[PDB]
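Residue 1 is where the sequence shown starts when you use the deposited numbering, and the numbers rise one by one after that. No residue lacks a Cβ here, since even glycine has one placed at the ideal position from N, Cα and C.
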Amino acid sequence: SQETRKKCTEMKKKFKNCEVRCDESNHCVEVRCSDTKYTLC
């Protein structure tokens with residue numbers, strides 16, 4: 001529980017230039033830099 005919101009904060013630390021968006025419905029954090037877009041579930 002809330003491992004996704006933790007992971008979103010962590011991905012924002014690493015990828016603050018990229019669009020790191022938090023979730024809870026899918027428990028998957030999508031990150032969207034420009035050409036590179038990846039989702040850590």
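Check, Outcome
"If we call anything under 8 angstroms between Cβ atoms a contact, is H27 one with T9?", "no"
"Using only the alpha-carbon positions, how far apart do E24 and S1 sit?", "9 angstroms"
"Could you check what DSSP says for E24 in three-state terms: helix, strand or coil?", "coil"
"Taking the DSSP output, what are the residues bridged to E30?", "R21 and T39"
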